[PDB]
Each structure stands twice: as structure tokens, then as C-alpha cells.
Amino acid sequence: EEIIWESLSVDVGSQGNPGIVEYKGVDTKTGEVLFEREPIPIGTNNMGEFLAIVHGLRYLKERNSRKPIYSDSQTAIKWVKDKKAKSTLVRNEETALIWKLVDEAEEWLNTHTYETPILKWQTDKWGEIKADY
RNA sequence: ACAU
DNA sequence: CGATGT
Ligand SMILES: [Ca+2]
Ligand SMILES: [K+]
Ligand SMILES: [K+]
Ligand SMILES: [K+]
């Protein structure tokens, strides 16, 4: 319905898909950049969006924050809910780094708890997510 | 078809 | 136009 302004928004950016992947998280209200991941040489859009959400969960938990997370990614929201990133990206030396991060993100989800609502940013109604690149 |  | 996903 309406934007929950007291929230964290995440977004992925890439050069190619697959290609160089980065992500960041911002304060939805203020646009302040709260975290930014160093570019990962090869990944997919959906792996990046998944890592961004899980990073947000870890960031908020560390700070004892109950704010929700917005993502515009139907895919990544489901992967987090399932605790399983069903990526099609081949596993090889080129993709080892992103797959390590994805494996570790799944492992974190399987060993920690959180109440953080993970909410769909409604781009069609609200425009671009505030974490946009 | 929808979300990127 | 190409790719990643449910
Ligand atoms: Ca974006
Ligand atoms: K996005
Ligand atoms: K983006
Ligand atoms: K498609």
C-alpha cells in the first residue's frame, strides 16, 4: 500500500549478466549508503540481489534493528525465504568467488534467526528502489 | 506472464 | 537486443 520509510533498501548493479556484480544497501528515507560490496568479478543479477538481502539481514541483526528490508527482486526474496539460492550459474574457477559467497550466505541463514520482514518494493507504483545505481 |  | 529467475 504505502512505503514503509523506516526500512533498508538493497539493490544490485552489474556490468553484464553474468558479469561484474556489486550491491549496496541504503536508508530508504534518506538515501544514505549503509553498506556497499566490493565488485565481484563474475556473478548473476539474482545472486547479487540474494547476497544483498542476506547482507542486510546480517547488518540489521548486528545493530539490533527491527527495520524491514525492501528488494525489488521476486527471485531473491523467494531464495531467502527458502534459504536456497537456485542459481543456474555454472560452477568453475571464474565463478568460485560468487558461489563461495552464496554458499556462505545460505549457511548463515541456516544457523541464525531473524524476524526482519523482507518486503517487495513495488516499482510499478513507487518508481525505482532508493538503492538504485 | 511476472519480477529483475 | 542479450541474460537471470519463479
Ligand atoms: Ca536497480
Ligand atoms: K534491483
Ligand atoms: K540496479
Ligand atoms: K524470461
Side-chain angles (χ1 to χ4, degrees):
Chain A
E1 236 276 310
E2 169 60 333
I3 295 163
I4 298 166
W5 289 103
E6 192 170 312
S7 58
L8 170 75
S9 290
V10 300
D11 188 36
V12 70
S14 84
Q15 300 166 233
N17 183 30
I20 300 173
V21 171
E22 61 188 342
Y23 66 75
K24 69 183 165 182
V26 308
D27 182 312
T28 305
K29 194 186 328 183
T30 67
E32 180 187 356
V33 179
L34 302 179
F35 58 82
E36 284 176 303
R37 165 65 209 199
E38 173 181 303
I40 299 159
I42 301 295
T44 69
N45 62 331
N46 291 320
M47 281 183 162
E49 308 258 24
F50 173 76
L51 294 175
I53 297 171
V54 177
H55 194 80
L57 291 170
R58 299 182 68 168
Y59 175 95
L60 292 171
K61 185 178 183 77
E62 173 73 29
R63 292 156 178 78
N64 296 310
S65 176
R66 288 173 53 81
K67 289 177 180 185
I69 294 170
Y70 278 113
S71 167
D72 68 18
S73 176
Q74 192 179 101
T75 298
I77 291 168
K78 179 184 193 296
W79 286 358
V80 173
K81 175 181 168 64
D82 293 344
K83 303 185 179 195
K84 193 68 198 177
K86 241 184 61 185
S87 179
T88 68
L89 186 69
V90 295
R91 284 193 189 253
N92 60 31
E93 202 139 47
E94 229 62 14
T95 69
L97 212 141
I98 193 126
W99 266 117
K100 180 163 183 282
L101 294 175
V102 168
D103 291 346
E104 285 169 350
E106 291 178 350
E107 187 60 28
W108 188 89
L109 292 171
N110 282 321
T111 50
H112 300 75
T113 63
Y114 44 91
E115 288 180 13
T116 304
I118 299 166
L119 306 176
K120 177 67 177 68
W121 182 260
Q122 294 178 46
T123 305
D124 53 341
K125 305 172 190 309
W126 304 339
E128 280 278 25
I129 193 160
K130 304 315 188 183
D132 201 33
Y133 277 86

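The figures that follow rest on heavy atoms only: side chains count, while hydrogens, waters and symmetry mates do not. Every chain is numbered from 1 and lettered A, B, ... according to where its sequence line falls, protein lines coming before strand lines.
The phosphate of B:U4 (OP1 or OP2) has a side-chain N or O of A:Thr123 nearer than 4.0 angstrom. Between A:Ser73 and C:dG5 there is no side-chain polar atom (N or O) within less than 4.0 angstrom of OP1 or OP2. Distances shorter than 4.0 Å separate none of the side-chain N or O atoms of A:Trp121 from OP1 or OP2 on B:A3. Look at A:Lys86 and you'll find a side-chain N or O under 4.0 angstrom from OP1 or OP2 of C:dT6. At C:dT4, none of the side-chain N or O atoms of A:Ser87 fall inside 4.0 Å of OP1 or OP2 (strictly under the cut-off).
For the side chain to side chain contact (heavy atoms under 4.5 Å, CB included) test with A:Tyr70, the passing option among A:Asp11, A:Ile4, A:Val26, A:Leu8 is A:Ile4; the others fail.
The base of B:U4 has none of its N or O atoms less than 3.5 Å from a complementary donor or acceptor on the side chain of A:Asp72.
Nucleic acid contact class of A:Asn46 (heavy atoms, under 4.0 Å, all strands): base.
Between the CD atom of A:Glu49 and the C1' atom of B:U4 there is a distance of 6 Å, rounded to whole Å. Atom CG of A:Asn17 and atom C1' of B:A3 are 13 Å apart (whole Å).
Side chains of A:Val10 and A:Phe35 form a contact here, defined as non-hydrogen atoms less than 4.5 Å apart.
With distances taken from any side-chain atom of A:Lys120 to the nucleotides C:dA3, B:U4, C:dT6, the minimum falls on B:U4. For A:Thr75, whose side chain is taken as the heavy atoms from C-beta onward, the closest listed nucleotide among C:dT4, C:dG5, B:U4 is C:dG5.
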Open item on the list: Run A:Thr44 and A:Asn17 through side chain to side chain contact (heavy atoms under 4.5 Å, CB included) and show every step you take.
Closed with: CA-CA 5 Å; A:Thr44 69; A:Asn17 183 30; 3.7 Å; yes
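In this pair, A:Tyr23 and A:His55 present their aromatic rings tilted. The plane angle is within the 30 to 60° band.
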